[PDB]
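Single chain ahead, by itself, as structure tokens, in the form deposited in one PDB entry.
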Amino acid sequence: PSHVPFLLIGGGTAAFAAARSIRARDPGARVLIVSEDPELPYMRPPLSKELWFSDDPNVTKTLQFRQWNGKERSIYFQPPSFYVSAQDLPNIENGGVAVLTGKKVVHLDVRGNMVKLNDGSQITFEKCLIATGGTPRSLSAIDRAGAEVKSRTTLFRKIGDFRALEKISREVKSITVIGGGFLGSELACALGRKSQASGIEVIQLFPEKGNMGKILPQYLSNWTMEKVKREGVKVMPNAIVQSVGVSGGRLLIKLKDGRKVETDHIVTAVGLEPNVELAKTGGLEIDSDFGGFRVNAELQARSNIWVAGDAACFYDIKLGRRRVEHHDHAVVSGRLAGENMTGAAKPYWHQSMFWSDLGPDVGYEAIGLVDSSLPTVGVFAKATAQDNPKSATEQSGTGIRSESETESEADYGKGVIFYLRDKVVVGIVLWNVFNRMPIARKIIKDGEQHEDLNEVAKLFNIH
């Protein structure tokens, strides 16, 4: 038994953003975050990226990474002294953010306004937030298998997982990566580079005809496969796993089409499933279409319960009911999540943005609704020295691209791809086009039926 006014569940990108949001509005509010992880809230994007590109080993320790412009940066959101302890909190009377790492909420009670930690202790809340994110999908073929194979397989998302992998890559001869996602691909390049240094084999395999095939059009997905390949990666499309066994001391991957890949370690990056274990005890709605907790436009589930981030199935007027997995989204909705908690009764209006880096040399931004199967227009040109994340970082000063681009709304190598529906732009992927995301947002938000989409591209430096 004990009490805190602002309590937030899951200690991630969304929880920390709300934590900052509430503080801003109610200065002197007492905030407590509970987190499964033993780590203090940190951003995630460096884990599949810039953290792999440092030649300093004690950076596997400190997690102080280098950007493409080469300036240090801590992974954790703020230094730890910024927090206040969890016991000292009620007596701080001036408020702060306290962090209960190593604990887990296992019972919610909406009428009773209290959670239950795994160790059985209880905490009463006045205002609660569920920002639990998600657990990466396993691959049912790996589930039927023994604990021996299960062990030789990681599911990349945490820091525990970043260190574990990077460790293995200095140990074995061949790491296979399952998943044609951005993560998958980022990973595969991250490994691909290290490979150019140890000789290790990096295989990437996935059911799609190409990298990010479910998103990008064939011709750009295909181009992307080449870059993955060039970074030293034996890449295997149209791959569908049948079984994973152990023979010759190694891991054997059998494919539905007969092929057989033999390897040392599997890292699987094939989706996220949203953490909704709390919904059963408390009794909130989940979405069977999109997954995760059903909230309204004010990201609200029931009185004194808001949800945000990757677990957030929210309504969005200029689009409809949704659930997205952006970092940008987690920052914003979290913020909004804390804004609403302190009686701000406000809608969600942001257009969340995604981004991916494959190395310092190639970057994709995306926003809106992007699917390969929708009608597509893409305009393309030869890229200039600026058209890559290295420059975009040297300029803006940051590596987290949703920062460089703000959340406002104003021989080929770069271009923009419009995703249409009825001569009207509904999604956008930008390839190596930087600091033009507000123009991306504007176009989508307006919704005009351009009888020529070239002109629209003249807006991204494309001539």
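Rigid core here is just the name for the largest C-alpha set that superposes within 1.5 Å across the two forms. Numbers for residues come from their place in the sequence shown, where the first is 1.
The entry models residue 410 and residue 411 with a gap of 10 or more deposited residues left without coordinates.
According to the PDB record, 118-126 carries the higher mean C-alpha B-factor of the two stretches 207-215 and 118-126.
Between 327-335 and 247-255, it is 247-255 that carries the larger average Cα temperature factor according to the deposited entry.
The PDB entry gives the largest Cα B-factor of the residues 340, 185, 351, 140 to 140. Of the candidates 78, 393, 263, 132, the one whose C-alpha carries the top B factor in the deposited record is 263. Ranked by Cα temperature factor within the chain, residue 291 sits in the middle third according to the deposited record. Ranked against the other modelled residues of its chain, the C-alpha B-factor of residue 171 as given in the entry falls in the highest third. When the CA B factors of the chain's modelled residues are split into thirds, the value for residue 432 lands in the lowest one. Among the modelled residues of the chain, residue 8 sits in the lowest third by CA temperature factor in this PDB entry. Placement of the Cα temperature factor of residue 49 within the chain: lowest third of the modelled residues, per the deposited record.
Just so you know, the form deposited in another entry exists too; it's not on screen, but the next bit is about it.
After superposition on the rigid core, the C-alpha displacement between this form and the one not shown reaches 2 Å or more for just one residue among 168, 139, 92, 272, namely 92. Core-aligned CA deviation for residue 156 between this form and the one not shown: less than 2 Å. Core-superposed comparison between this form and the one not shown: CA of residue 360 displaced by 2 Å or more. Once both forms are fitted on their rigid core, the CA atom of residue 429 lies less than 2 Å apart between this form and the one not shown. Put simply, residue 61 and residue 360 spread apart in that other deposited form: their C-alpha atoms are 3 Å or more farther than in the form shown.
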